Ligand SMILES: CCCCCCC/C=C/CCCCCCCC(=O)OC[C@@H](O)CO
Ligand SMILES: CCCCCCC/C=C/CCCCCCCC(=O)OC[C@@H](O)CO
Ligand SMILES: CCCCCCC/C=C/CCCCCCCC(=O)OC[C@@H](O)CO
Ligand SMILES: CCCCCCC/C=C/CCCCCCCC(=O)OC[C@@H](O)CO
Ligand SMILES: CCCCCCC/C=C/CCCCCCCC(=O)OC[C@@H](O)CO
Ligand SMILES: CCCCCCC/C=C/CCCCCCCC(=O)OC[C@@H](O)CO
Ligand SMILES: CCCCCCC/C=C/CCCCCCCC(=O)OC[C@H](O)CO
Ligand SMILES: CCCCCCC/C=C/CCCCCCCC(=O)OC[C@H](O)CO
Ligand SMILES: CCCCCCC/C=C/CCCCCCCC(=O)OC[C@H](O)CO
Ligand SMILES: CCCCCCC/C=C\CCCCCCCC(=O)OC[C@@H](O)CO
Ligand SMILES: CCCCCCCCOCCOCCOCCOCCO
Ligand code: NA
Ligand code: NA
């Protein structure tokens, strides 16, 4: 169930001989996830800089161990990567001493779990570096050091947790991303199934920076904070099988509305090299919405439409929405077993001063195949402000809303007619056509494409 150490993994695979594959089998005490990935990426900077391209292959080995003693359990997953260049073998990885190596080791998850606070097996308390995820992937979908309480039953779901990054636990990164340094997260949610397959809930997330900004006159570099914040997100979300590839309803939907409030102290800088010149404080009062509708046309075919908007601009930036920093924006919103980046495998938009229209169609055959075709159109909301994170590394021209368009294709075979697959092979690709906001001299297209072979043993 929810408690299982691989429950949140997008792969959805089940090792042969595991208790999930056959309930007569004992829970596995160990296993191995093998991933072989090729990545083609050109051009992340749209041709406005040297390099920024990938055509490379890697292997990622993830051994894991699991022990259970009554109400106590413990879990470790490690990671060993070897690649021909620094490709993305891990969809949950984000961002001098932050250059990844072509090969590295990592401690991916390490936690202890206690399920005895209540008699519900859906209720448990987990402590350590662990997978945090909610179904939208837009609040949390990451491996992070946390103390997280989960309560998942038929009629009531609730979670409450605290998290903070202290290390990457990687042989090649020595330092945290500035955004993560000294940032503490506190969060909770409560939701109820008010009708079969219809959920309504509220969600809260609070991020608190205890860091300091560089002082005036000090040089600022890659690894320094751009800002410190006290930010609270308060959201309501309604879903009808929003992310359930096995829905029997003719229509699935999601609707979320999120208010961001709090305050930011922003570092100001000038060039001389970058030098700090001061800081400016201000309140944040921003808003995000994500809406979608999926038609379940028959047993195999689905289609849908999406609309998202993160506010931008406003009186000294108060209306600039942003996400928690723990999000993936990866979800099953196209109604298949395969998770898809909600704002493009190529653009990888953060919902920050961003408006997106989305169309998709998908096809699924039992547990054996799925395919998604996704079209996105992106606009800035305030054309004098930047957007948030994105997989495109090029500057936006002031006064231009048209960010661009994207076409994504995901195609997956699961295997090892198959009841519960234990392996998959997947093509994951996005084609991004930059709009006028990227100005002249840009590449007319860029792409990011992956082939992933995943095996769970
Ligand atoms: C299904 C029909 C359509 C086909 C889809 C395939 C999509 C390709 C996506 C990923 C391609 C990865 C290319 C790997 C190059 C590896 C290499 O040996 O070069 C290393 C050298 O560059 C040193 O750095
Ligand atoms: C704060 C973060 C804490 C990090 C803890 C990391 C723990 C590492 C996982 C190792 C799993 C525990 C070791 C297994 C014990 C020997 C055994 O086999 O016990 C029987 C078992 O097979 C029953 O299921
Ligand atoms: C059933 C067939 C499935 C198809 C996949 C089988 C292929 C398995 C091998 C994958 C290994 C790729 C990573 C090699 C690391 C090389 C390296 O460390 O790079 C050094 C230097 O050359 C880079 O600059
Ligand atoms: C079946 C074959 C599988 C083979 C792969 C086994 C999986 C890997 C085990 C995981 C080992 C992770 C240890 C992380 C240490 C981080 C660190 O020391 O960082 C130092 C650096 O930051 C400088 O300060
Ligand atoms: C905003 C985020 C805050 C969320 C964290 C909440 C922690 C506080 C606990 C408070 C306990 C109240 C429990 C109500 C009774 C439960 C019940 O009805 O029984 C389960 C049954 O319905 C299933 O079979
Ligand atoms: C990038 C591609 C984006 C495409 C996005 C499209 C979004 C909307 C999907 C709308 C699907 C509704 C189809 C109507 C069902 C056909 C029907 O009813 O035939 C009669 C049958 O019901 C009697 O048996
Ligand atoms: C390491 C080489 C690279 C190091 C980068 C620099 C700093 C290293 C500090 C390492 C401190 C690690 C503490 C483990 C805590 C896990 C846990 O128990 O969870 C905490 C709780 O859940 C939080 O809320
Ligand atoms: C520029 C703004 C453009 C806005 C257009 C957005 C287009 C995207 C489709 C979103 C369709 C909304 C679906 C969620 C509402 C579900 C619902 O109300 O049902 C009640 C429930 O099912 C009772 O059971
Ligand atoms: C038939 C055989 C199957 C072949 C597969 C073909 C897949 C085609 C996907 C292409 C989907 C692109 C949709 C463009 C949206 C229209 C639009 O809005 O552009 C105007 C602009 O947004 C502002 O007005
Ligand atoms: C290199 C990237 C590799 C990505 C692999 C994706 C799979 C290739 C496209 C397969 C999708 C084609 C759809 C027709 C086959 C489904 C069907 O109607 O027949 C089912 C029958 O075969 C049951 O077994
Ligand atoms: C390296 C520069 C030249 C790039 C050509 C190789 C690219 C290989 O990957 C294919 C491109 O990515 C595909 C994006 O998905 C396309 C979606 O539209 C398909 C319509 O059915
Ligand atoms: Na419990
Ligand atoms: Na569906």
Going by average Cβ density within 10 Å per residue, which order do the peptides 48-56, 249-257 take, highest to lowest? 249-257, 48-56
Roughly what would the spin-label model give for residue 56 and residue 453, points 7 Å off Cα along C-beta, in nm? 2.0
Report the Cα centroid-to-centroid distance between the range 282-340 and the range 154-174 in angstrom, as an integer. 22
Which of the peptides 290-303, 128-141 is most tightly packed, and how do the rest follow, judged by the mean count of other Cβ atoms within 10 Å per residue? 128-141, 290-303
I'd like the FRET efficiency for residue 222 and residue 261, computed as 1/(1 + (r/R0)^6) with the beta carbon distance as r and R0 of 30 Å, rounded to 0.05. 0.55
Extending each Cα 7 Å along its Cβ direction at residue 26 and residue 215, get the distance between those two points in nm, one decimal. 6.1
Starting from the 7 Å offset along Cα-to-Cβ, what nm value, one decimal, do you get for the label separation of residue 248 and residue 377? 3.8
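Bear in mind that the values in this text are calculations on the coordinates, not laboratory data. Cβ: placed from backbone, ideal geometry, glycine included. Neighbour counts: every protein chain shown.
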